[PDB]
Each structure stands twice: as C-alpha cells, then as structure tokens.
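Heads up, what comes next is one protein chain in two forms, each shown on its own as structure tokens, labelled structure 1 and structure 2.
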Structure 1
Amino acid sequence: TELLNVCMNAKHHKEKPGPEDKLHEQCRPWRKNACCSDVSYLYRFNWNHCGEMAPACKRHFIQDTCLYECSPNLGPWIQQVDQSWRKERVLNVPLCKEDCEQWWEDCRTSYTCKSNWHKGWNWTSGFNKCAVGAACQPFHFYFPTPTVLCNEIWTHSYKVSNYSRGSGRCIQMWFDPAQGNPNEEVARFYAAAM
C-alpha cells in the first residue's frame, strides 16, 4: 500500500501528490493528481546538444519529463536507497512497447552524442553540452533499436515491456485524464506482484 500514489521530492522525502504546479502546466495528464506540485528537465536539460532536436522527437522528451516529475504511479520501481537523481531513482519501469517504438521512430531525424544521458555531460556553461570526444551522430547511432533507446537513455530507469497500452501491465508516458489514469491499475498490479 505504501507503494501506491506516492511521490519522492527533490529533497528525497516521500510526500503525497497534489494539484500540479505552474511550471508543469504543459504536463496536462497530471493536472489533478501530480508529484510536480525547481529541478525540472522541462528547461534544465539541453535537448539541442547536437543541433536543433526535431519537434516530433522533443514531444516525447517532454512526455518522459512529465512522467518522471509528475507521476504518482512509479512507487513499485522507486529505489529509495538511491538519492543521486534530481528526484526519484526508478529501476526497470515497464514502459509500454508502442510508447517506446513511437519514441524511437520520432527521433530518427534528430542527433545526439552519447547513449547514457544521466552522466558524462559538460556542465561548465550552466547547461549540459557534449564532452570533448563525444561525436554527434544520428540518433539511432547511439540508440539503434527502441530497446536501446528506452532502456539505456536514463540508465535502466525504463525496461521496455512486451505488453502494450490497455493491458494494465505497462506504464504509458501520456494519456487523456478525462478517461482516468491508466497507470494507476499498473502500479497496483506490480505492487501486488511484489
């Protein structure tokens, strides 16, 4: 029960969700019941480290960001001993297959310089830049399959699932809250599994 409807904040204290803050207004699905209620990757992470990121690609990263900072349904995957992330450390979140497949396809035309986006950046300038010796290449050079993209980009925060949206066994990065949060059932399912 402790694993359900729970947030870890930027001081690494567990706290309840609440109405979404102003900074996360674009995180629509979470307007009612959010952990984002700053350290936000809505602006503190340079998506354009290798030229302009394509808008179709950038959308997925906004979703990814919203899910990480706002979702009260990642409790089963939160590693409480790890306080090294800006908020929670999650491990092997069962991301829905098509969310990962779409994200991969949509980022084909963008570029990046490394596979693990959680470490190894140069931050000297006040924002993240590719380090000396990290060559910009097509996105799929660093992420040749949706599996490598989803599993490696945030160092195993996600583990892409064989399940698809609607199964109740995978976490999706976005949804229409007017028909309820579909990740709620998934958290409860894995809380029980554990």
Structure 2
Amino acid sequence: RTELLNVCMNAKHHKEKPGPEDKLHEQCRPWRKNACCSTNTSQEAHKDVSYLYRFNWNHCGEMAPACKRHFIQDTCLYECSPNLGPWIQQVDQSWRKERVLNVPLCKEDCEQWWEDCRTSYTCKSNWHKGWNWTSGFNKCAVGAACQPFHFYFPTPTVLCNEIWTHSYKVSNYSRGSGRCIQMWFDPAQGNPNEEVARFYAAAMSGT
C-alpha cells in the first residue's frame, strides 16, 4: 500500500478500482463522479435486509426513517468512497480481506447521526458480531434487550465508534476543517474528502 489515494478497499462488494458511475441510486449520488460501488450496490443500500449483507435495521421494531437515512449514507460512504485509503487495513475475514478503521468522521456528522436515532430502538452496541442469523437475517440475541437507541449508545462518540467495531473515530474537527471525513456532503460544492485523504496520506507518508 504505497498509494492510498483514489483506491478501493478489498471488501465484499467494492470494485477493484475507482471509476465513474452515473447510475448510482439516490443517497449514493454524490459519488457518481468517482465511486467504488456499482449501480446495484447503491440501490441495495437503500433497502431493508439488502442483498449486501441481509442486515435488518428493524431488529427492535421499525427504525425511524430519519435514523435509517444515516445508516444508508454510511453504506454509501463505505461502499463507494474512493478517499478512504489512509484508513484501509487488512483483517482477512470470511467476507472481506480489507476494511477501514479509525476513520476521522467529522464531529457534526456523528452528532447528527446520534441525534436522529434517539427515537429508534436497538439491543446491541456492536452490530458487527453477536446477532442471531438463523432466520436468514439478524435478530436480537436476547430478544428482551430492546431499549431506546441512546440506552446502548450514550454519547455520539460511543455510537459512531462502537456500532461498527471502530470503523470510525469521531474527530474534534468539524465539517470543513479539511481534517475530517464527511459522510454527508453536497457534490455540487465538490467532494471534501479528496483533500482530507491527501492530507492524512501525507502525515503518514515517508516514515
């Protein structure tokens, strides 16, 4: 890994190399110029128990739309962003050889995600391991564990860092600081993560 810019991690759905995709579905639209995901992936990203991982958002009842939109974006960012190389790492697991860790998610992005999920429910603080997939999709391990979202995710930082086993590491930097990754951004103003990756790919460059 000498070049961590404009590259795609090696996961279950990513393409081998970045490339235009003017057919990406709604939320994944900001990545039409250059994406790591396919038209199909972006489409499935907006569906419940998608073809991607059969993940069920409604494990503790229907998750509020205002909250699911944040999980859909995360899917877009994770499955389409070509600016995550500075955080790519090899884990070697049944479904993905590589993945991202400690991505510096902007302070706001994490606080907004957290906020919009207050009215939602969940039974775990780690959505990567622990589910009961017997039914074909994940269901609560301990069915009686359902509680308000903030019960398992007390603070924004706990939600963004823990939920996806540390794929994120909420930064103190805010949107626009050029030092943090944004999962929400207006493509008409440009992709702000290009500059961020470049910055970090340099801080770890050389030695």
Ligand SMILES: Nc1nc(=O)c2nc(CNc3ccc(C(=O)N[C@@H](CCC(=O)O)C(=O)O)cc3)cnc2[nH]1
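Residue indices: 1-based, along structure 1. Take the two forms, find the largest set of C-alpha atoms that superpose within 1.5 Å, and that set is the rigid core. Only residues modelled in both forms are compared.
Chain form deposited without folic acid, by structure number: That would be structure 1.
Align on the core first; then indicate which of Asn92, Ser115, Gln79, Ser84 has a CA shift of 2 angstroms or more between structures 1 and 2. The only residue crossing the 2 Å threshold is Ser84.
Large Cα move at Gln26 between structures 1 and 2, threshold 2 Å, rigid core: Yes, because once the rigid core is superposed, the C-alpha of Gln26 moves 2 Å or more between structures 1 and 2.
When you overlay the rigid core, is the Cα of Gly133 off by 2 Å or more between structures 1 and 2? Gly133 C-alpha, core-superposed: shift of 2 Å or more.
With both forms fit on the core, is the shift of the CA atom of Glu15 between structures 1 and 2 2 Å or larger? Yes; that C-alpha moves by at least 2 Å between structures 1 and 2.
Value in Å for the CA shift of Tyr43 between structures 1 and 2, taken after the core is superposed: Spelling it out: core superposed, C-alpha of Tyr43 shifted, distance 6.9 Å.
What does the CA of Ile171 shift by between structures 1 and 2 after fitting on the core? Give it in Å to one decimal. Comparing between structures 1 and 2 after core fitting, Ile171 shifts 0.2 Å at its C-alpha.
Structural rearrangement between structures 1 and 2, runs of 3 or more with C-alpha shift of 2 angstroms or more, core superposed: When the rigid core is held fixed, residues 8-15, 19-26, 38-44, 80-88, 132-134 are the runs that shift.
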